[PDB]
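An overview of the molecular structure
What follows is each chain in one-letter form.
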Amino acid sequence: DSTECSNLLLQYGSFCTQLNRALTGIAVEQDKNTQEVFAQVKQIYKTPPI
Amino acid sequence: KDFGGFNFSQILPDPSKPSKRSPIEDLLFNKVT
Amino acid sequence: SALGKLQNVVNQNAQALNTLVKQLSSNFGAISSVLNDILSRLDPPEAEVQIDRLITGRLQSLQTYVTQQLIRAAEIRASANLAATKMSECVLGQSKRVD
Amino acid sequence: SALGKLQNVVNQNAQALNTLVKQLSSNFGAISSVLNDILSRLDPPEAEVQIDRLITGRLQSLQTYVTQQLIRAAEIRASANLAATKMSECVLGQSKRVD
Amino acid sequence: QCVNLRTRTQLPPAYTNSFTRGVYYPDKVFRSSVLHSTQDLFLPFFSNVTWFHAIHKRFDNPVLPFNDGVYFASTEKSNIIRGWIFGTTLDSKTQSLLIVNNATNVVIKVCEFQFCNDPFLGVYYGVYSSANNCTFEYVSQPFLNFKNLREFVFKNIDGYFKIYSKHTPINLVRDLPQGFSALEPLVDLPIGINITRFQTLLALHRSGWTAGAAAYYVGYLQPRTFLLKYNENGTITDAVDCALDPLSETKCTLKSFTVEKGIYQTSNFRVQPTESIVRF
Amino acid sequence: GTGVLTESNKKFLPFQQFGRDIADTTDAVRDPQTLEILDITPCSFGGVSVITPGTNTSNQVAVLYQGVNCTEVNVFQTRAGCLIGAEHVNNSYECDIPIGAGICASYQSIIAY
Amino acid sequence: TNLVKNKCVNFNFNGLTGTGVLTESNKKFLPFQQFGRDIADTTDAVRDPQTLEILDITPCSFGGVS
Amino acid sequence: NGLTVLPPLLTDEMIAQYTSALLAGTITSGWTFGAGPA
Ligand SMILES: *[C@@H]1O[C@H](CO)[C@@H](O[C@@H]2O[C@H](CO)[C@@H](O)[C@H](O)[C@H]2NC(C)=O)[C@H](O)[C@H]1NC(C)=O
Ligand SMILES: *[C@@H]1O[C@H](CO)[C@@H](O[C@@H]2O[C@H](CO)[C@@H](O)[C@H](O)[C@H]2NC(C)=O)[C@H](O)[C@H]1NC(C)=O
Ligand SMILES: *[C@@H]1O[C@H](CO)[C@@H](O)[C@H](O)[C@H]1NC(C)=O
Ligand SMILES: *[C@@H]1O[C@H](CO)[C@@H](O)[C@H](O)[C@H]1NC(C)=O
Ligand SMILES: *[C@@H]1O[C@H](CO)[C@@H](O)[C@H](O)[C@H]1NC(C)=O
Ligand SMILES: *[C@@H]1O[C@H](CO)[C@@H](O)[C@H](O)[C@H]1NC(C)=O
Ligand SMILES: *[C@@H]1O[C@H](CO)[C@@H](O)[C@H](O)[C@H]1NC(C)=O
């Protein structure tokens, strides 16, 4: 929460934006991975009761 | 182009185009900027 | 140890996060690892030097964590692509590919 | 949004180049982001320190760019290996592999 | 010479909407067909700006705090508004800035003036009593139903006084028109003095006195980020206030005026501390 | 420091004043005047995300505060966070804009489902 | 000094210094503007202070020698 | 400390539902559901 630290950190440019962008890319990639593996059917099939 | 009714004009190269691309390939190259 | 492959991923992620937060407790050559202590103990001309040391240390730690996460994400993406291929070719069909 | 996969690669490369250019406008704790201004406003004993700050900031930016380019290169290489496999197995033959 | 005006009619000040006005060029740099995000003292979009009238008996010449900058909007006909009063204490103790436009030229002076309580000019069909120590004088070319719209931005940054201005031909009767017009930089003054208060200068019409029909608006500049759009010819045609609403915040984050469908992480939320607790 | 102080169930030894977690951050403290234990949860931190359709379609937006309870910020509580500006419906549709934890948003006003 | 165009020279215009090729420009500046920037915030257009004309600053032909 | 954990888009129940659908398809329909109608 230090405002002096953030003022000094703004001198380094867009490093923080790059790190946030990379983490966001990884985060959406995980959902894409689960979507690719498990959602291979668009119909929810059900077994017969017997 | 007698292939028993099968048409490949959209994927074969177009002689009219100077780039010698197919219509699909020409559309793909136009749609990427 | 049947489910070690998933447990390794969970353990690596938790260990990387734990090391990333542990890096905040290091002063990186400054007088203290706490920004509040530097702001309360020093004038701004020397405080800028102390926060500059802490900022470069913490930024290096965060960049290292993000790079490791990107490499692990690439490995997990390769594993997930393999799993999707197995789902298509072993579950949704019969595969002639040996092993 | 049909050709989003190629557009993402083009956008990522252009955005990485733009970020690498925009990192030159940051002083990284020095008095100015311009080397000429530092060399004209200060004597070489302190201009050496300010130029050193600019050098370490720009070197860190360039290392970050090269590292993320290497990771993206690994991803593109995996995609190209998949594309070569599809060229061999789907175009040059009929594949029994499901999906 | 000073004259008290004792024939005023009491009325509360008005308020109105800023819409998308008050934008100016942040620098002297040409930009072509590009979107630029800048952090500067800007006027907030759709803000509450104070509205003052001059009509007949209304004669609105108060002294207002300058704050970090002043946006002055003028719906003017027949040139009643002639200049401004800038200073801290508005007396001979400190040094004050005078901007006047009389019938011939514009005069900018930084001196120790003795301001009147009610300063004004007069046209037939008294603003100071003394001037002791002058440090800067600058005479320039004249800047100038309601027919004229005059936008001005005054800023005190690093001892520099920036005056931005724009002339707009309008034909609206009462309120501010809705539109976009970026203010060009007109003049930078090397004054190097403290200014915390200002006062408009009007002109009387004599045939007692009569106040000509004029209306003006005061807005206050706040530190914020704008996303400015530069066309092919290099004029600012549209702007985005990054702190107005989440949609414009997304536009500011993605550096585009058009946002595709999806979810976009734009900012962060932090609870602010309400109190400070000491336990010893 | 800055944090929310809550009553704690931890039992400190009499020589102990504060407590550290796995990450060596102070998660519990003893008040020096009244000897009681207090947890120090950090103040809520969230990622503010904007859910919108295309600007060609509409200018309506919804705000997602990630990992933030709705009591500390059309208000709906999801596991992903607090969603303001989206009308929650009981009908199920295909996912248009992903929110998370099974929640997706769409435009039809902006609905969440 | 005199102005030299179409050559990789060291330019110093009103305190803004650099190295580039100064060619004639078709960009019409507004009268209050002095310098010109591209998307990447690099000075690619400038106004001569003596005579109010617009000059493009093309970067000198750097290259890799293989 | 700036650290947040985002939940996955697909919950464990929906992933279990997807696996159940795949199991029902491969039990009742063979490989036909993966190449067209079940
Ligand atoms: C193969 O397909 C192409 C295009 O799908 C056919 O070309 C069309 O021919 C008709 C009549 O001959 C014209 O009216 C269309 O304008 C043509 N379209 C285009 C895109 O050129 C072509 O006739 C088909 N058959 C063969 C043997 O080439
Ligand atoms: C116009 O009115 C103002 C306000 O009353 C006058 O200013 C006052 O002048 C008296 C003169 O003895 C002073 O004692 C007061 O201290 C002044 N007030 C303030 C707030 O400074 C002003 O003199 C009047 N003008 C004329 C010409 O009489
Ligand atoms: C502007 O402020 C006045 C009081 O200062 C208030 O009555 C009015 O409603 C405000 N206008 C807007 C649009 O907020
Ligand atoms: C306007 O003011 C200037 C300086 O104050 C003066 O020289 C000039 O005569 C004035 N003109 C008129 C018409 O009052
Ligand atoms: C300012 O003016 C007063 C009165 O005219 C004079 O006594 C004083 O010396 C002046 N100060 C300066 C710095 O000129
Ligand atoms: C400027 O004037 C205001 C009010 O008179 C005062 O509070 C402030 O300290 C002054 N600033 C300087 C730098 O003198
Ligand atoms: C830009 O200027 C040219 C002439 O210089 C004009 O034809 C064109 O309409 C202008 N563009 C816009 C958007 O006003």
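Residues numbered from 1 in each chain as written, not as in the entry; some residues may be left out. Chains lettered and ligands numbered in written order. Part of a larger assembly, values for the part shown. Heavy atoms only, no water.

For this deposited structure, the header cites cryo-EM as the method used and 2.25 Å as the resolution.

What follows is about the overall build of chain A. A tally of helices and strands in chain A yields 2 helices and 0 strands. The C-alpha radius of gyration of chain A comes to 22 Å, more than 25% above the 10 Å expected for a compact globule of 50 residues. Considering only C-alpha atoms, chain A reaches an extent of 70 × 20 × 10 Å along its principal axes. In chain A, which comprises 50 residues, the share counted as buried stands at 28%. Of the roughly 3300 Å² of accessible surface on chain A, a fraction of 59% belongs to carbon and sulfur atoms. In chain A, which carries 4 positive and 5 negative side-chain charges, the distance between the mean positions of the two groups comes to 20 Å. (Helix = DSSP H or I, 4+ residues; strand = E, 2+ residues; numbered from the N terminus. Rg over C-alpha atoms; globule rule 2.2 N^0.38 Å. Buried < 20%, exposed > 50% of the residue type's maximum accessible area, 1.4 Å probe, protein only. Areas by Shrake-Rupley, 256 points an atom, 1.4 Å probe, with all protein chains shown as cover. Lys, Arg positive; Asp, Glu negative; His and termini not counted. Charge placed at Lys NZ, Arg CZ, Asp CG, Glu CD.)

Moving on to the relation of the copies chain C and chain D. Applying a rotation about an axis and a shift along it to one chain copy brings it onto the other copy. The two copies are related by a screw motion: chain C maps onto chain D through a turn of 120° and a shift of 0.2 Å along the axis, at an RMSD of 0.3 Å. Here the two chains are linked by the operation of a three-fold rotation axis. Of every C-alpha in chain C, the one belonging to C:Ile71 sits nearest the axis of rotation, 4.3 Å from it. Of all interface residues in chain C, a mere 17% are interface residues in chain D too; the two copies therefore contact each other through different surfaces. (Least-squares fit on C-alpha atoms. Contact = heavy atoms within 4.5 Å.)

This part takes up the site of ligand 2. Residue and element names in this part refer to chain E. Ligand 2 sits among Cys-2, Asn-4 and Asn-117. A distance of 2.4 Å separates an oxygen atom of ligand 2 from a polar side-chain atom of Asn-4. For ligand 2, whose free accessible area comes to 580 Å², the fraction covered by protein is 23%. (Near = heavy atom within 4 Å. Polar contact = N/O pair within 3.5 Å; in protein donor to acceptor, adjacent residues only side chain to side chain.)

What follows is about the interface of chain E and chain F. At the interface, 20 residues of chain E touch 31 residues of chain F. Between chain E and chain F, a total of about 2100 Å² is buried, with carbon and sulfur atoms accounting for 58% of that surface. In terms of surface lost to chain F, no three residues of chain E exceed E:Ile263, E:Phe269 and E:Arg279, which account for 33% of the buried area on that side. Here chain E and chain F share 2 salt bridges between them. The interface formed by chain E and chain F contains 10 residue pairs in polar contact. For the side of chain E that touches chain F, the leading source of residues is strand β21 (residues 262-270) of chain E, giving 9 residues. Tallied by class, the residues present in the side of chain E that touches chain F amount to 9 nonpolar, 7 polar and 4 charged. Judged from the 8 bridges that link them, β21(E) and strand β5 (residues 45-52) of chain F form a sheet pairing that is antiparallel. When the bridges of β5(F) are listed, E:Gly262 appears paired with F:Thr52. (Buried area = accessible area lost by both parts, 1.4 Å probe. Salt bridge = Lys/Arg side-chain N within 4 Å of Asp/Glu carboxyl O. Nonpolar A, V, L, I, M, F, W, Y, C, P; charged D, E, K, R; others polar. Pairing = 2+ DSSP bridges.)

Residue and element names in this part refer to chain E. Taken in spatial order, the 3 strands of this open sheet run β3-β19-β20, and their pairing is antiparallel. Strand pairing shows two members of the sheet lacking a second neighbour, β3 (35-42) and β20 (236-241), which therefore form its edges. The average undirected angle you get between the axes of adjacent strands in this sheet is 35°. As paired elements, β3 and strand β19 (residues 222-230) share 8 bridges and run antiparallel to each other. Among the inter-strand pairings, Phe-42 is bridged to a residue of β19, identified as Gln-222. Here helix α1 (residues 246-254) sits on the sheet and contacts β3, β19 and β20; the angle it forms with β20, its principal contact strand, is near 115°. (Axes fitted to C-alpha atoms, helices over the stretch in contact; angles between N-to-C directions.)

In this section: the arrangement of the chains. By contact count, the leading pair among the 14 pairs of chains in contact is chains E and F. Where chain D comes nearest to chain E, the C-alpha atoms are still 11 Å apart, and the two do not contact one another. Looking at chain E next to chain H, you find no contact at all, with the nearest C-alpha pair sitting 10 Å apart.

The next subject is the state of the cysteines. What the rule picks out here adds up to 6 disulfides over all chains. Between the sulfur atoms of G:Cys8 and its disulfide partner G:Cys60 the distance amounts to 2.0 Å. Residues G:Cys8 and G:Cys60 are joined by a disulfide whose S-S torsion is about 100°; by sign, that bridge is right-handed. Within this pair, whereas G:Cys8 is found in strand β1 (residues 8-13), its partner G:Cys60 is found in the segment after β5 (54-58), the two being separated by 52 residues in sequence. For F:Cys43, which is in no disulfide, the shortest distance to another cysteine sulfur is to A:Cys5 and amounts to 18 Å. (Disulfide = S-S within 2.5 Å.)

What follows is about the pattern of salt bridges. Applying the stated rule across the entire model yields 20 salt bridges over all chains. The residue A:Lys32 makes a salt bridge to A:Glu36 at a minimum N-O spacing of 2.6 Å. Of this pair, A:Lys32 and A:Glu36 are both found in helix α2 (residues 15-38), 4 residues apart, which corresponds to roughly one turn of the helix. The class for A:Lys32 is partly exposed, based on a relative accessible area of 43%. Close ionic contact of E:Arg58 with E:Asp60 constitutes a salt bridge, the shortest N to O distance being 2.5 Å. Given the relative accessible area of 12%, E:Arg58 is considered buried. Here the salt bridges do not stand alone but share partners, grouping C:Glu89, C:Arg97, D:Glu89 and D:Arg97 into one network.

Looking now at the nonpolar core. Residue and element names in this part refer to chain E. Counting residues in hydrophobic clusters, the biggest one holds 35 residues, and the most contacted among them are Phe-59, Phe-66, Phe-86, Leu-97, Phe-154, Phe-161 and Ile-191. Setting aside residues no more than four positions away along its own chain, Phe-86 makes contact with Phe-66, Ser-96, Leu-97, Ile-99, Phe-115, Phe-154, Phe-161, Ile-195, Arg-197 and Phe-198. Among the nonpolar cores identified, the runner-up in size contains 28 residues, and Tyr-24, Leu-176, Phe-226 and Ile-236 belong to it. (Core = buried A, V, L, I, M, F, W, Y, C linked by side-chain atoms within 4.5 Å.)

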